[PDB]
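K.L.:
My structure is below; once you've seen it, I'll send some questions.
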Amino acid sequence: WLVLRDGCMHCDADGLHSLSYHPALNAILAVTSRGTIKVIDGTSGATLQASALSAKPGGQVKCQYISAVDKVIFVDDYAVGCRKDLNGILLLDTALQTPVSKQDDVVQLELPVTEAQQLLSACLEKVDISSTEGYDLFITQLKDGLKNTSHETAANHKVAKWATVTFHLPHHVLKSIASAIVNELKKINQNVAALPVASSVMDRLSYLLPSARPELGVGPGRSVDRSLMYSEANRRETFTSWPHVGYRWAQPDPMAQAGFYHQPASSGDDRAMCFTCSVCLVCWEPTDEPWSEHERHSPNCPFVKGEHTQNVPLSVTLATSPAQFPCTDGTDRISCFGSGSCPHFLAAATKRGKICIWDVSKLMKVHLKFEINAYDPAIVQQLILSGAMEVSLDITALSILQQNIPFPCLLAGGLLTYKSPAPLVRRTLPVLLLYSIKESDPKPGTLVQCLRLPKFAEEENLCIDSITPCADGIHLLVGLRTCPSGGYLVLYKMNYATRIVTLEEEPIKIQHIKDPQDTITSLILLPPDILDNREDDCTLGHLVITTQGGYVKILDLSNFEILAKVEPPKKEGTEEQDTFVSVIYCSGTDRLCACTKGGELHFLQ
């Protein structure tokens, strides 16, 4: 494993609080406190993107690279961005675009090259619609962007690919253009490739306004308007009591992906009815795969041939769910949160007071509205059983980690911020509070057994910046941070031997290093067959610590044994420390990233 020096180049010196990567379109998602994007080529130095797209600057662009399934969930200061488009592509330039409050807001459409060029074709090459309102302004914007790129087109077209036109046109022009295109494409019912584009634009126009959003027509014997169907969500929402789920290949998700709608009724239990020609079919069967059956009874469906005409797959169908604003003020601070490596559970901890979790498998619906009593005796009972005053609950983060009487409870801790004088002595103790996930058909949320942090861990009041389960999934790794050799750590075991889930009754070992000054700020855990050559030739992971002096220490977490030491390099031209600040595991590259505040890069072969 040779190591060589090649060179360095400034990449990012704007500061970093969280790290992420974008593996879909090979355009690195930059996490910045402002939202600006800067990309510089290293080998040739050619510019790939020259555009400062900022619809509403000042928002924290926080996205986390979930490498379990290689998906990134972008989160802004307002809502949660589940950008699941066709083939699961993501958006980079919309890092500062937020849901609108009025029609006066500035929106950055920033469509990719595909749909932007499709609009260009439908406006000049395919169809000529120059007589509509706002056509001149949009064409002028597109040609202005093209002319701006034309100077850099002599090198590459990626400038036009990413330095897109600032599509901040007023919503009235876009509304008029969308209405004209939809009318033209629906009066003759022509299924050209521009039909999905027109449908998507009209869907945005009719859904992004909560005031103009109609209701859902759910219920037998009730009619549904034909205008809202340009999204498949209406069809997918009717699969409430489908009784053929127990079929072999008629699983809920694949069958709903096909694009049918079923009214719950005793008649027509397995009756089939599609949309292409409204043919009355029968005999839904376990071996009757929905896509295969759709091709069998309707080969003219555009899904069969792959044409882009009224194509709304499951990802596009379920990626149009609306969002609601939790609070108008949000006076509660934002300190630390994360989603972990568990994409199945959506973890966007809104520490503003209200946290609602919607299951990905099921459809989004209104669930519950309530207010919390300020005199709950459960916490006081827990405190008293361990051994003037106003106690209130502030919901900060919900975390679900996994490998009745009592009710199933989970080690979900919250950041209690209450100050007491230190006759009383100020002490902080984590607590576990859970709501009623589902009735087990007593009082829901009864704690089974709580795991207490070690004495030294509570002594320094370390806060869990993030939670990351171990690779094997048996043991739990807890992240720690310190606000401005190992340190203070936690080590316990959970029992998974009995048929019913239980918990261990005795700690095994507690790691207490008498060196709190150099507490680990961040760390990663890797299987025993990645890092070391001996390990490669051969489950708790590998513990590598970083020192302020720049020395690199390689230790094996299995035995806490020091393996090798590497001296820090020397900065060129200046004596300032060339420290590595970025450390994150990217499944796209599988390398240990290292970006410096001074603007230098190094590669470890």
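How things are named: the first chain in the structure tokens is A, the next is B, and so on; residues count from 1 in each chain; ligands count from 1 in the order shown.
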Give me the residues near stretch 297-308 of chain A as a ChimeraX atom specification, where near means some atom within 7 Å (using only C-alpha atoms) and where sequence neighbours in that chain fewer than 2 positions away do not count.
P.N.:
/A:193,196,276,293-295,310-311
K.L.:
Go ahead and save the picked residues with N, CA, C and O atoms, as a PDB file, in the first residue's frame.
P.N.:
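Once everything was written out, this is part-v4.pdb:
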ATOM      1  N   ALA A 193     -44.126  13.617 -26.727  1.00  0.00           N
ATOM      2  CA  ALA A 193     -43.226  13.569 -25.578  1.00  0.00           C
ATOM      3  C   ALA A 193     -43.380  14.778 -24.664  1.00  0.00           C
ATOM      4  O   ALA A 193     -42.935  14.729 -23.512  1.00  0.00           O
ATOM      5  N   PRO A 196     -46.042  14.595 -20.907  1.00  0.00           N
ATOM      6  CA  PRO A 196     -45.639  14.531 -19.491  1.00  0.00           C
ATOM      7  C   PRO A 196     -45.117  15.846 -18.956  1.00  0.00           C
ATOM      8  O   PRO A 196     -45.355  16.162 -17.785  1.00  0.00           O
ATOM      9  N   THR A 276     -56.143   2.549 -20.500  1.00  0.00           N
ATOM     10  CA  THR A 276     -55.846   2.777 -21.912  1.00  0.00           C
ATOM     11  C   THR A 276     -57.102   2.698 -22.770  1.00  0.00           C
ATOM     12  O   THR A 276     -57.302   3.527 -23.666  1.00  0.00           O
ATOM     13  N   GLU A 293     -49.572  -8.313 -16.929  1.00  0.00           N
ATOM     14  CA  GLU A 293     -50.981  -8.278 -17.310  1.00  0.00           C
ATOM     15  C   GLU A 293     -51.317  -7.010 -18.084  1.00  0.00           C
ATOM     16  O   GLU A 293     -52.111  -7.045 -19.033  1.00  0.00           O
ATOM     17  N   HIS A 294     -50.733  -5.876 -17.688  1.00  0.00           N
ATOM     18  CA  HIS A 294     -50.992  -4.625 -18.391  1.00  0.00           C
ATOM     19  C   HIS A 294     -50.502  -4.698 -19.832  1.00  0.00           C
ATOM     20  O   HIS A 294     -51.182  -4.225 -20.751  1.00  0.00           O
ATOM     21  N   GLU A 295     -49.320  -5.280 -20.048  1.00  0.00           N
ATOM     22  CA  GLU A 295     -48.852  -5.506 -21.413  1.00  0.00           C
ATOM     23  C   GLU A 295     -49.741  -6.505 -22.146  1.00  0.00           C
ATOM     24  O   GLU A 295     -50.040  -6.327 -23.333  1.00  0.00           O
ATOM     25  N   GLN A 310     -47.421  10.662 -20.690  1.00  0.00           N
ATOM     26  CA  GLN A 310     -48.211  10.437 -19.479  1.00  0.00           C
ATOM     27  C   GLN A 310     -47.579   9.354 -18.606  1.00  0.00           C
ATOM     28  O   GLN A 310     -48.243   8.435 -18.123  1.00  0.00           O
ATOM     29  N   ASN A 311     -46.268   9.471 -18.408  1.00  0.00           N
ATOM     30  CA  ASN A 311     -45.492   8.500 -17.641  1.00  0.00           C
ATOM     31  C   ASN A 311     -45.297   9.034 -16.226  1.00  0.00           C
ATOM     32  O   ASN A 311     -44.495   9.948 -16.004  1.00  0.00           O
TER      33      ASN A 311
END
K.L.:
Please identify the alpha helix (DSSP H) residues within stretch 348-521 of chain A (assignment by DSSP from backbone atoms) and present them as a ChimeraX atom specification.
P.N.:
/A:377-386,455-459
K.L.:
How far is it from atom CA of residue A:77 to atom CA of residue A:61, in Å with one decimal?
P.N.:
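Value for the atom CA of residue A:77-atom CA of residue A:61 distance: 7.9 Å.
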K.L.:
So that I can check the surroundings of residue A:463, please list as a CSV table (one decimal) with C-alpha atoms, in the first residue's frame every protein, DNA and RNA residue that reaches within 8 Å of it, counting only C-alpha atoms and ignoring chain neighbours fewer than 2 positions away.
P.N.:
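In the end it all went to result-v3.csv:
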chain,number,residue,atom,x,y,z
A,415,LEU,CA,-32.3,17.1,25.0
A,461,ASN,CA,-22.9,16.5,29.8
A,465,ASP,CA,-24.7,14.8,17.8
A,480,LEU,CA,-20.5,12.5,20.8
A,481,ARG,CA,-19.4,16.1,20.3
A,482,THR,CA,-17.9,19.0,22.3
K.L.:
Neighbouring residues of residue A:318 were defined as those with any atom within 10 Å, considering only C-alpha atoms; residues of the same chain fewer than 3 positions away were excluded. Please report them as a PDB file with N, CA, C and O atoms, in the first residue's frame.
P.N.:
ATOM      1  N   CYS A  82     -38.067  15.199  -0.352  1.00  0.00           N
ATOM      2  CA  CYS A  82     -37.963  13.821  -0.834  1.00  0.00           C
ATOM      3  C   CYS A  82     -37.943  13.856  -2.360  1.00  0.00           C
ATOM      4  O   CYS A  82     -38.934  13.580  -3.041  1.00  0.00           O
ATOM      5  N   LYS A  84     -37.486  12.292  -5.197  1.00  0.00           N
ATOM      6  CA  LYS A  84     -37.465  10.985  -5.847  1.00  0.00           C
ATOM      7  C   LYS A  84     -38.137  11.124  -7.211  1.00  0.00           C
ATOM      8  O   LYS A  84     -39.327  10.857  -7.376  1.00  0.00           O
ATOM      9  N   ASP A  85     -37.351  11.535  -8.200  1.00  0.00           N
ATOM     10  CA  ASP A  85     -37.832  11.675  -9.564  1.00  0.00           C
ATOM     11  C   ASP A  85     -37.624  10.357 -10.308  1.00  0.00           C
ATOM     12  O   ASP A  85     -37.376   9.311  -9.702  1.00  0.00           O
ATOM     13  N   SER A 231     -51.966  13.350 -12.230  1.00  0.00           N
ATOM     14  CA  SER A 231     -51.066  12.707 -11.281  1.00  0.00           C
ATOM     15  C   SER A 231     -51.657  11.367 -10.863  1.00  0.00           C
ATOM     16  O   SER A 231     -52.864  11.259 -10.623  1.00  0.00           O
ATOM     17  N   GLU A 232     -50.802  10.345 -10.774  1.00  0.00           N
ATOM     18  CA  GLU A 232     -51.237   8.989 -10.451  1.00  0.00           C
ATOM     19  C   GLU A 232     -51.544   8.793  -8.971  1.00  0.00           C
ATOM     20  O   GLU A 232     -51.989   7.702  -8.582  1.00  0.00           O
ATOM     21  N   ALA A 233     -51.312   9.814  -8.140  1.00  0.00           N
ATOM     22  CA  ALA A 233     -51.543   9.678  -6.706  1.00  0.00           C
ATOM     23  C   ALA A 233     -52.997   9.348  -6.397  1.00  0.00           C
ATOM     24  O   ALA A 233     -53.270   8.571  -5.475  1.00  0.00           O
ATOM     25  N   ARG A 236     -53.379   5.718  -6.879  1.00  0.00           N
ATOM     26  CA  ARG A 236     -52.647   4.931  -5.892  1.00  0.00           C
ATOM     27  C   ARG A 236     -53.243   5.031  -4.491  1.00  0.00           C
ATOM     28  O   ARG A 236     -52.999   4.144  -3.667  1.00  0.00           O
ATOM     29  N   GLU A 237     -54.017   6.080  -4.201  1.00  0.00           N
ATOM     30  CA  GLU A 237     -54.568   6.252  -2.861  1.00  0.00           C
ATOM     31  C   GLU A 237     -55.794   5.388  -2.595  1.00  0.00           C
ATOM     32  O   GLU A 237     -56.212   5.276  -1.437  1.00  0.00           O
ATOM     33  N   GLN A 257     -47.767   0.190  -8.081  1.00  0.00           N
ATOM     34  CA  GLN A 257     -46.862   0.831  -9.030  1.00  0.00           C
ATOM     35  C   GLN A 257     -47.410   0.770 -10.450  1.00  0.00           C
ATOM     36  O   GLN A 257     -47.104   1.641 -11.273  1.00  0.00           O
ATOM     37  N   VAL A 312     -46.031   8.466 -15.274  1.00  0.00           N
ATOM     38  CA  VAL A 312     -45.890   8.821 -13.864  1.00  0.00           C
ATOM     39  C   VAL A 312     -45.658   7.539 -13.070  1.00  0.00           C
ATOM     40  O   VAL A 312     -46.617   6.942 -12.559  1.00  0.00           O
ATOM     41  N   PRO A 313     -44.412   7.074 -12.949  1.00  0.00           N
ATOM     42  CA  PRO A 313     -44.148   5.842 -12.192  1.00  0.00           C
ATOM     43  C   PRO A 313     -44.342   6.015 -10.693  1.00  0.00           C
ATOM     44  O   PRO A 313     -44.759   7.081 -10.230  1.00  0.00           O
ATOM     45  N   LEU A 314     -44.035   4.962  -9.930  1.00  0.00           N
ATOM     46  CA  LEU A 314     -44.274   4.984  -8.489  1.00  0.00           C
ATOM     47  C   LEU A 314     -43.485   6.093  -7.804  1.00  0.00           C
ATOM     48  O   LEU A 314     -44.005   6.770  -6.910  1.00  0.00           O
ATOM     49  N   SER A 315     -42.224   6.286  -8.199  1.00  0.00           N
ATOM     50  CA  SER A 315     -41.411   7.334  -7.589  1.00  0.00           C
ATOM     51  C   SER A 315     -42.018   8.711  -7.832  1.00  0.00           C
ATOM     52  O   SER A 315     -42.161   9.513  -6.901  1.00  0.00           O
ATOM     53  N   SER A 321     -46.144  14.441  -2.552  1.00  0.00           N
ATOM     54  CA  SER A 321     -46.887  14.619  -1.313  1.00  0.00           C
ATOM     55  C   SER A 321     -46.729  16.049  -0.800  1.00  0.00           C
ATOM     56  O   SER A 321     -45.622  16.597  -0.811  1.00  0.00           O
ATOM     57  N   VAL A 360     -43.129   5.591   4.966  1.00  0.00           N
ATOM     58  CA  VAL A 360     -42.894   5.591   3.525  1.00  0.00           C
ATOM     59  C   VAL A 360     -43.775   4.556   2.837  1.00  0.00           C
ATOM     60  O   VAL A 360     -44.271   4.782   1.726  1.00  0.00           O
ATOM     61  N   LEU A 363     -49.523   5.657   2.647  1.00  0.00           N
ATOM     62  CA  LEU A 363     -49.796   6.992   2.139  1.00  0.00           C
ATOM     63  C   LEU A 363     -49.835   8.004   3.277  1.00  0.00           C
ATOM     64  O   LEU A 363     -50.132   7.667   4.426  1.00  0.00           O
ATOM     65  N   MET A 364     -49.530   9.256   2.945  1.00  0.00           N
ATOM     66  CA  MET A 364     -49.563  10.325   3.934  1.00  0.00           C
ATOM     67  C   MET A 364     -51.007  10.700   4.249  1.00  0.00           C
ATOM     68  O   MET A 364     -51.836  10.837   3.345  1.00  0.00           O
TER      69      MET A 364
END
K.L.:
I'd like the contact shell of residue A:92 - 12 Å cut-off, only C-alpha atoms, skipping same-chain residues fewer than 6 positions apart - returned as JSON, numbers by chain.
P.N.:
{"A": [20, 21, 22, 23, 24, 25, 26, 27, 28, 29, 30, 31, 35, 36, 37, 38, 49, 53, 54, 61, 62, 63, 72, 73, 74, 75, 81, 83, 108, 109, 110, 111, 112, 162, 163, 164]}
K.L.:
Go through A:327, A:68, A:39, A:245 and flag the residue nearest residue A:159, using only C-alpha atoms for the distances.
P.N.:
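Selected residue with least distance to residue A:159: A:39.
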K.L.:
Excluding stretch 532-537 of chain A and its own-chain neighbours fewer than 2 positions away, which residues fall within 10 Å of it when counting only C-alpha atoms? Please give them as a PyMOL selection string.
P.N.:
chain A and resi 1+527-530+542+554+556+563
K.L.:
Which is closest to residue A:500 among A:408, A:252, A:290, A:353, if we use only C-alpha atoms?
P.N.:
A:408
K.L.:
Skip residue A:494 itself and residues of its chain fewer than 3 positions away, then list as a PyMOL selection string all residues within 12 Å of it, counting only C-alpha atoms.
P.N.:
chain A and resi 402-403+411+449-451+473-476+491+497-498+501-508
K.L.:
Residues of the last selection are to be written out with N, CA and C atoms, as a compact mmCIF listing (two decimals), in the first residue's frame.
P.N.:
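Now in part_6.txt:
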# COMPACT_ATOMS: atom_id res chain seq x y z
N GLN A 402 -33.18 -0.31 15.69
CA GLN A 402 -33.50 -1.72 15.87
C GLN A 402 -32.48 -2.56 15.11
N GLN A 403 -32.34 -3.81 15.53
CA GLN A 403 -31.38 -4.72 14.91
C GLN A 403 -31.86 -5.15 13.53
N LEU A 411 -34.82 3.18 23.14
CA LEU A 411 -33.90 4.12 23.78
C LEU A 411 -33.89 5.41 22.96
N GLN A 449 -37.26 -1.08 30.31
CA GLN A 449 -35.98 -0.99 30.99
C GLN A 449 -35.13 0.06 30.29
N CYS A 450 -34.57 0.98 31.07
CA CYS A 450 -33.79 2.09 30.55
C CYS A 450 -32.31 1.86 30.76
N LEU A 451 -31.51 2.23 29.77
CA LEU A 451 -30.05 2.15 29.85
C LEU A 451 -29.51 3.52 30.23
N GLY A 473 -24.75 -4.58 13.29
CA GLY A 473 -26.09 -4.33 13.79
C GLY A 473 -26.38 -4.88 15.17
N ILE A 474 -25.43 -5.58 15.79
CA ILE A 474 -25.68 -6.14 17.12
C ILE A 474 -25.47 -5.08 18.19
N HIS A 475 -24.35 -4.36 18.14
CA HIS A 475 -24.02 -3.34 19.12
C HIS A 475 -24.35 -1.95 18.58
N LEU A 476 -24.47 -1.00 19.50
CA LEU A 476 -24.85 0.36 19.17
C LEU A 476 -23.67 1.30 19.34
N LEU A 491 -20.11 1.69 26.32
CA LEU A 491 -19.99 0.30 25.87
C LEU A 491 -20.97 -0.56 26.66
N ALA A 497 -31.37 -13.39 22.45
CA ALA A 497 -31.36 -14.85 22.50
C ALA A 497 -32.75 -15.45 22.66
N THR A 498 -33.56 -14.89 23.56
CA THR A 498 -34.89 -15.42 23.81
C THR A 498 -35.82 -15.12 22.63
N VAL A 501 -38.15 -10.23 22.66
CA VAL A 501 -37.04 -9.29 22.80
C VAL A 501 -36.85 -8.93 24.27
N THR A 502 -35.62 -9.09 24.75
CA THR A 502 -35.26 -8.80 26.13
C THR A 502 -34.01 -7.92 26.15
N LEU A 503 -33.53 -7.62 27.35
CA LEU A 503 -32.37 -6.76 27.53
C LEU A 503 -31.41 -7.39 28.53
N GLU A 504 -30.12 -7.16 28.32
CA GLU A 504 -29.11 -7.63 29.25
C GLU A 504 -29.26 -6.94 30.60
N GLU A 505 -28.88 -7.65 31.66
CA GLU A 505 -29.05 -7.16 33.02
C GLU A 505 -27.75 -6.74 33.69
N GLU A 506 -26.61 -6.85 32.99
CA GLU A 506 -25.32 -6.50 33.58
C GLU A 506 -24.39 -5.93 32.51
N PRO A 507 -23.73 -4.81 32.78
CA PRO A 507 -22.71 -4.31 31.85
C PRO A 507 -21.51 -5.24 31.79
N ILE A 508 -20.85 -5.26 30.64
CA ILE A 508 -19.68 -6.11 30.44
C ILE A 508 -18.42 -5.31 30.75
K.L.:
One decimal, Å: what's the distance from atom CA of residue A:543 over to atom CA of residue A:19, could you say?
P.N.:
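Distance reported for this atom pair: 19.4 Å.
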